[PDB]
């Protein structure tokens, strides 16, 4: 059971086969227990990532309902460069401080693509 998240790599592996259409951009939120066990995940956006499509209210209602301890954000890039856009970095800002507010910490934001992933935390970017 690879459902315990120790690092970004575990997120990458968990999301394998879970992108509905890899040509489309998708935002996902994984809900983690106090022991970093992936409880479940939800599809936030399906579309192109604008910060206005993010409604902290919805994301965290599911978090609070699942009594998630923390959350991890996953973005796929159809293209294949897992480097983050400024749209990605804006949604990271608003969910980081909404999680701090609500004490449901944004542990990481991981961008996934073909064979490859990018961790915001690992690039001192969270």
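Here, each number is a calculation from the coordinates, and none is a lab measurement. Positions of Cβ are backbone-derived with ideal geometry, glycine not excepted, and every protein chain shown enters the neighbour counts.
Each 10 Å bin from zero holds the following percent of Cα-Cα pairs in the chain: 13, 51, 34, 2.
Restricting to the chain, compute how many DSSP beta bridges are antiparallel as a %, nearest 5.
Values: 17 of 24 bridges.
Restricted to the chain, the bridges split so that about 70 percent are antiparallel.
Kindly identify segment 24-75 as rounded, prolate or oblate by the Cα gyration tensor criterion: order the square roots of the eigenvalues as a ≥ b ≥ c, call it rounded if a/c is under 1.5, otherwise compare a/b with b/c, prolate if a/b is larger, else oblate. Prolate, since a/c reaches 1.5 and a/b exceeds b/c. Residues of segment 56-80 with backbone nitrogen within less than 20 Å of a virtual label 7 Å along the Cα-to-Cβ line of residue 34, please, listed as ranges. Counting backbone N atoms under 20 Å from the label point, the list is 63-72.
Here 85, 33, 70 are placed in order of increasing Cβ neighbour count within 10 Å, fewest first, which gives 85, 33, 70.
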